[PDB]
Amino acid sequence: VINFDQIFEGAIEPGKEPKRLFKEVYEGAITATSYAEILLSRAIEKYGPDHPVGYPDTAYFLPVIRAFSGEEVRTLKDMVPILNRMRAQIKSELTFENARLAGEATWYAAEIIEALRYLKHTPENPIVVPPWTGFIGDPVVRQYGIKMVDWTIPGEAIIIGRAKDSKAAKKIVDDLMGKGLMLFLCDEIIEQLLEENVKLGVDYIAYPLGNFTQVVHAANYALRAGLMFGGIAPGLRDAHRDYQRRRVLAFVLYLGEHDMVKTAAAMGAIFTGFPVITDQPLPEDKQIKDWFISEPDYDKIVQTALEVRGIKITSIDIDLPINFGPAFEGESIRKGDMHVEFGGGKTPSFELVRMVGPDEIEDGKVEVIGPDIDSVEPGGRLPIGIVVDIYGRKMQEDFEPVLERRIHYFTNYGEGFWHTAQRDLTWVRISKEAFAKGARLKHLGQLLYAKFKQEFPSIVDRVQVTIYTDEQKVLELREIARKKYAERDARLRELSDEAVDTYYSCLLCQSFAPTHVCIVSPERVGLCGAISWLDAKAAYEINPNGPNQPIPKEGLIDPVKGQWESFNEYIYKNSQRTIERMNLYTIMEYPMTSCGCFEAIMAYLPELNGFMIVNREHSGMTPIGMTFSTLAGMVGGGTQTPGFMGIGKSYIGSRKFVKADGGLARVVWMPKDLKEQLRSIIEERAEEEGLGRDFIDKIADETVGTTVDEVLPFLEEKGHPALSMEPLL
Ligand code: SF4
Ligand code: NI
Ligand SMILES: [Zn+2]
């Protein structure tokens, strides 16, 4: 019933088909499928038809195939009928329909060829090294979903071929990274950007895939979105294409001299709804309106692609000397690249947002008080105290901690600006490159001002930013800040699931996970780990129409498992009626659903009488016989999964942590690093439960084993309480 092809209806008037383009696509699709045919036959000769084949760290087999036709490719023989089908759908008649089918066959061919390449890939002997990615694992797709759902990443650019010259490559890519687009790069443009010292790699959301058929690692990335968050069944071809067209705002930049295989791959992009913009001149018989178009002027090609795709960018439009955007949030500034640092146990530091009255503030006044960063030798240090005063008619003291959180992100988005921690434990660094470009502390203050005004227009009327660098002045002001921090800690201490009468929904991820609803209570953070009850409450109070809504706690059904009719009704209504009940204190019956951005996954193991937990960053097998990525393929997508649940890491430290299932006492296995990340809260909560602070050492981890038979003897020897608790079944 989904007629996806309707989006093409007006594109080409009959009898004027661009036969030059369609012949090139046909030749390239024949070439790609032939490449795959011969490599596959040779591989079956060498290894045998039953040899396993696949990609590293994915739940979705060969994802392009798994999405569009649903096959669970596991061995070489499985790909033989699939490729035979794709070659069969490549047809000489020069229609737009046959061109799109040839592009789909080209994507299938490139995916097959790449899986064959990975037949030689092992961790000890890998076929790709950073900053190149090749196939991108599921955890990376998931780790960036939270930035996609609110269009912090506004769209995706697939750049194929070669820019006119190195300098043009750096120009457009710097532009795109400042706009926050996710980049996929293929062929000679990568070396062009590295030659120009552009930052690239998974940490900068700018993926150097490789060359040639590695282009398909853009496609199998994009299609996993619908398979993961969208919950769309494998093989629902038009449903997947519709999800891509509506939610994955990707386009292709086709740079350099054209070639048949690159053109056929680009037509596969068009086949799933992504337009193609090339820097090459195009004769009338080699173009399609709004789908395969020429913009030779490098000063316009980015805006042209964004307009044809429908991407609208919000910019602060302050003249900063450095680039700014999500790609730089993940950067590290090594000591040898550091021009100056503040805080981090080297010098005193704090940051503070505070409400003030109308008379108390000069809107827009950004002032540095003390020496600036040109006063130190490179590698030097200064104190820093950042005070952001805010006035507004709708400003509340409650909002102060919320706004203060943003300083971290606001700072880290600066290229060559870096920030970690919070309050009086901040550590800030500024790169030598940023200093060389003219960055000074005034620019940090201006960035904070503009960003606070842009993000909170309805509660911020005046903003003033003062940055202090005198050591004794910073130490004096830090005590005022610490008074505010203690008031905030006391307000937090007053909260509990029982003491508040209203929990809050979070629908932010419904952009990509339409049936999923999060419920945030004081003692259960949202599964992303970034939205606590105070956060959701402030977000609603700032924007009553937004994706966080109050829900009264009314109509109790089960005090023990945590079920109320008010939450049941809200979830059912906002679930497209897929979900009727939710228990807040158990994973074993009506668990809360997940999108796919969960920091960790819990699962029950009957053989161990207890829970395993595994975080997204952990690589390795778990005692349930599944890696994190496989478990995540089951747990996400907005379906209810008794015995499994997605969670935020900090929820493990909550007093209400799966309380009806036994809480922390029920946890028998976690990765060693995750326990270390949470060691203090695990020790404190275990003491509160009566488990002992050494309970953390009774929790098995991968150094104990990855299977039940390795783990159970250790649990028995340790006298883990879970073995003597009631089975949860
Ligand atoms: S609280 Fe839930 S719905 Fe909201 S952003 Fe986090 S994971 Fe997504
Ligand atoms: Ni999610
Ligand atoms: Zn999500």
Side-chain angles (χ1 to χ4, degrees), residues 130-131 143-144 147 152-157 159 163 166-185 189-190 192-208 302 313-344 351 366 372-374 378-379 384 386 406-420 426-452 454-455 465 467:
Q143 91 181 43
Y144 288 125
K147 290 178 163 67
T152 296
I153 297 164
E156 306 81 26
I159 308 179
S166 95
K167 286 261 71 205
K170 157 164 164 73
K171 174 165 155 351
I172 63 180
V173 164
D174 287 347
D175 183 11
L176 294 164
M177 290 176 76
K179 293 161 156 56
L181 276 72
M182 179 190 287
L183 301 192
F184 302 82
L185 309 159
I189 183 141
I190 289 161
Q192 292 187 305
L193 292 161
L194 291 183
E195 261 152 43
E196 297 289 321
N197 314 126
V198 178
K199 303 171 167 61
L200 302 170
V202 291
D203 290 352
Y204 301 95
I205 324 177
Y207 311 120
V302 165
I313 299 296
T314 315
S315 288
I316 36 175
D317 193 325
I318 76 178
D319 291 320
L320 289 156
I322 60 170
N323 213 350
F324 173 108
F328 310 108
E329 180 194 35
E331 78 179 308
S332 298
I333 304 178
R334 315 296 152 95
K335 176 190 226 263
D337 298 333
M338 182 264 297
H339 175 86
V340 67
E341 67 186 323
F342 321 75
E351 60 186 18
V366 167
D372 215 307
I373 65 169
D374 59 338
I384 199 173
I386 295 171
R406 301 263 72 215
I407 292 167
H408 172 76
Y409 302 93
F410 291 164
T411 303
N412 273 307
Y413 283 32
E415 182 170 32
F417 283 5
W418 183 91
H419 179 300
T420 204
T426 56
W427 184 18
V428 171
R429 286 153 84 75
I430 299 179
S431 75
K432 297 174 177 188
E433 175 216 281
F435 181 83
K437 290 191 178 192
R440 307 291 190 271
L441 286 170
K442 61 198 271 223
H443 301 118
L444 173 54
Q446 297 164 11
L447 173 63
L448 299 183
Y449 162 92
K451 285 301 295 188
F452 270 119
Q454 171 213 77
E455 281 193 359
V465 179
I467 302 176

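Positions are given from 1, in the same order as the sequence printed here. All values below were derived from every heavy atom in this structure, side-chain atoms included, with hydrogens, water molecules and symmetry-related copies excluded.
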What is the minimum heavy-atom distance between [X] and [Y], and which atoms define it?
{"X": "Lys147", "Y": "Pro326", "answer": "CE-CB, 4.2 Å"}
{"X": "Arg440", "Y": "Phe435", "answer": "NH1-O, 3.1 Å"}
{"X": "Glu331", "Y": "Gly416", "answer": "OE2-N, 2.8 Å"}
{"X": "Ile467", "Y": "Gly445", "answer": "CD1-N, 3.8 Å"}
{"X": "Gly438", "Y": "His443", "answer": "O-CE1, 3.1 Å"}
{"X": "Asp372", "Y": "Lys442", "answer": "OD2-N, 4.3 Å"}

Original post:
So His408 and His419, would you call those rings parallel, tilted or perpendicular, with 30° and 60° as cut-offs?
Top reply: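 Judged by the thresholds at 30° and 60°, the geometry between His408 and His419 is perpendicular.
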
Original post:
Under 3.5 Å, is there a donor-acceptor pair linking the side chains of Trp427 and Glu341?
Top reply: yes

Subject >> Sole candidate of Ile190, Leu193, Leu176 that passes side-chain contact (heavy atoms from CB on, under 4.5 Å) when paired with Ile159 >> reply: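 When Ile190, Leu193, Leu176 are each tested with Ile159, the side-chain contact (heavy atoms from CB on, under 4.5 Å) holds only for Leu176.
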
Hey, does [Y] have a side-chain heavy atom less than 4.5 Å from the side chain of [X]?
{"X": "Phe342", "Y": "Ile430", "result": "yes"}
{"X": "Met177", "Y": "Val198", "result": "yes"}
{"X": "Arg406", "Y": "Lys451", "result": "no"}

Rounded to the nearest 0.5 Å, how far apart are [atom1] of [X] and [atom2] of [Y]?
{"X": "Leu200", "Y": "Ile205", "atom1": "CG", "atom2": "CD1", "value": "12.5 Å"}
{"X": "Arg429", "Y": "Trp418", "atom1": "CZ", "atom2": "CH2", "value": "6.5 Å"}
{"X": "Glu351", "Y": "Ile407", "atom1": "CD", "atom2": "CD1", "value": "4.5 Å"}
{"X": "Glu455", "Y": "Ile316", "atom1": "CD", "atom2": "CD1", "value": "10.0 Å"}
{"X": "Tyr449", "Y": "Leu444", "atom1": "OH", "atom2": "CG", "value": "15.5 Å"}
{"X": "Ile333", "Y": "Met338", "atom1": "CD1", "atom2": "CE", "value": "9.0 Å"}

**OP:** Determine, stepwise, if the pair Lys179 / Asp175 fulfils salt bridge (charged side-chain N to carboxylate O under 4.0 Å, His left out).
**Re:** CA-CA 6 Å; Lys179 293 161 156 56; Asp175 183 11; 2.6 Å; yes

**OP:** Kindly state whether the ring of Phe417 and the ring of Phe324 have centres lying under 6.0 angstrom apart.
**Re:**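 Centroid distance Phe417-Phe324: not below 6.0 Å, so no.
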
Original post:
Does any N or O in the side chain of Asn323 come within less than 3.5 Å of the main-chain N or O of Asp174, such that one atom is a donor and the other an acceptor?
Top reply: yes

